[PDB]
Structure formats: C-alpha cells, structure tokens
C-alpha cells in the first residue's frame, strides 16, 4: 500500500507535538458538553510527544509516537485534576489552537508478547469516536448535545471494551444516518479497511496478530442507501477476507439490532419498516455463518448476538435497568439530519429519570448507558474474552 522507501522517509522525519486533553465539563452524563486543556508536566511545562506525521491521499494526519497511551492518559488526568468520575477524558495530537484533533498512534516495541495490545474498530455511528468531527470544523454533531463527535452522550461500546481491557483504541468507524456523508466521502467498510492497511504500514513493529478487531456494519446500508442484502453480505465477507489476508487473527463480531425499533422509525411508513427488519434478519444469519466459517479455520472469533439482547431490552427495559426504550432522551420529535447542528434540551421524562435510564439518546443512536450495557454483555458472554490472549 506504501513503498518501503516511503515508509523509512516518513519514519525518519522526526519532530514533536502537543497534547490536547478533552473532558466532560459536567459531572452528569445528561450533559454532553466538553472542553479541553493542553497537557502539562508536573513542573508546569508543556507536555510534548516525539515522533512523525503521516497521511494518505485522504489527508487525515496521524502522529506516531514511542510514548505509550497510558503515559499520555496519566498526563491528561494529572493536568486536568478533576475529581469527576464522568470526566470521560480523550486526547489528541495538535501543534496549536488552529490544529484539528489528530489521533496519536503509540508504536509497539519490537519485543512484543503474543497477546492483544490494541483494539481496531471498523463500522458506523455505533462505533465512531470522532471521525466526522474535524471535517465538520467541530460543529457536527453539535458538541453541546452530542459528546465530542460521538453520536451519543458519552463513550461508545468499543471505548468501554478497550477501557475494560486497558488497551488503546484506534477508530476507523463512521456512519451515515446523521448525514455524515455530507462531510467525508469514503465511509464504506471497504474504504475503512484500505485506510487501516495504509496507516498501519507506517507504524513501527506492527504485528496484526496482536490487534483485537471489532466490526459492525450494514445498518447504514439498509437504512440510508437502500442496499440489497447480497451486496452488504459481499462487503462484510470482503472486509474479513482482506483483514485475515493481512494477518488479522482476533475478531469481535456481532449481529445487528433491529434498527426499526429506534425512535426515528415512528416517522417511517410500515412498508419501509418491514423491508429494513427483514434485511436485518437475513444479514444476521450470514453474520453467524461467517463467524462460524472463520472459527472453523482457527481464527479467534467472539460472536455476540446484539439482536437478541436488543429485542429483550425493548420488550422489557425495566428488567435491564431502563425506564424507556421507545423515545430519545433528547427532545427531538422528528427525523431531520439538520437537528444534529443544534443544541437540544432533554425531554421531561429523561430529565427526571436521568440519561442512564434511556435506551436512546437521539432518534437513532443509543445512550452511553446502552453502549456500556452492550460492552459489558459482550465481555461477560465471551468470559472477559476467554479465547483471546491478554
């Protein structure tokens, strides 16, 4: 994807950069608003990281450093000095106030034990941690009502999984239900796989066998692009073929929840609902066949039935720690992509119960309590990832 000559030239172009530490301003997960501060050292001087920059034709610049994610995290926690359990700290590389949020890749050591040491996420808005946020010039999704480019009031399921295992998370996921395709073109799983393959050729001592891959895709295609079941099946199979041929060995796979149970479908016709629900059911049977196909070949596959979990969550939310599974927490009573540009109050029922008792944050996307509940159910069912080496 990148020539040997291009790789050394980029890696030898050594420099330094600063770290932007982001945090939730409120102690409540009902308030999505965030702010940032520059990372500092305990003596009060600016915290810098050494390394090199690289971007493909896409021009999403990634900073590659030898400094670990744990060290950078610790610097942010110490700089911010918040006694907020909901601070939900995230960090990025940035030369100054004009710079956007660049992901920092912590390069592995040549001496690497045979165990997972990072999570790589592919998919849609159910996994996106901010890939549309820089392109939108930090205006979409509106950072007062959506948590720093996450289509939720906080962390998504991949972030809870990565945190539970104390691993860094590198995100290639990006959705379409919110009109994301008006800000970045190349959002298909195929383009995400190509991007991942391109950026990891610039990483040092990269062993794909030590990556835990998460993949969830198909709802964007069925809901927003009216794609046929065979073409989504073919893309899903192609992503796994491409990844396994590129040394991937560890996967967290999942069935698609019935998206028609989301609040936005209150405004859809029954014919539209029945078409989407039926496509989800055939895709789920193919996802199970694919998980079994790779499992039979000796790959480490964890398959979670999110569909069956979601059916239980919506039929009896009271049994799963929720009061409402039908309505958004935000006071959004239509399905209009322009609503992602504005600040919204919480509807009375959600203001009263708190966002952690609502399944949905907006008309499409689940709350961070739902994301954590899924992440915890995934970790339990796979016995804190029993077939994976940590």
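Positions refer to the first chain, counted from 1. Take the two forms, superpose them, and find the largest set of C-alpha atoms that agree within 1.5 Å; that set is the rigid core.
Once the rigid core is used to overlay the structures in 4 other deposited structures of this protein, the stretch among 134 to 142 and 148 to 156 whose CA atoms lie farther from this form is 134 to 142. When the other structures are laid on the shown form by the rigid core, the stretch among 99 to 107 and 219 to 227 with the greater C-alpha deviation in 4 other deposited structures of this protein turns out to be 219 to 227. For the pair 63 to 71 and 40 to 48, the mean B factor over Cα atoms is greater in 40 to 48. Comparing 73 to 81 with 166 to 174, the stretch with the higher mean C-alpha B-factor in the PDB entry is 73 to 81. By the numbers in the PDB entry, the CA B factor is greatest at 315 among 214, 300, 106, 315. The PDB entry assigns the greatest CA B-factor among 187, 306, 131, 250 to 187. Split the chain's modelled residues into thirds by C-alpha temperature factor. Residue 16 is in the highest one. Sort the modelled residues of the chain by CA B factor and residue 113 lands in the highest third. In this PDB entry, residue 322 carries a Cα temperature factor that places it within the highest third of its chain's modelled residues.
When the modelled residues of the chain are ordered by their C-alpha B factor, residue 25 lands in the middle third. Annotation for residue 57: CA B-factor lies in the highest third of the chain's modelled residues.
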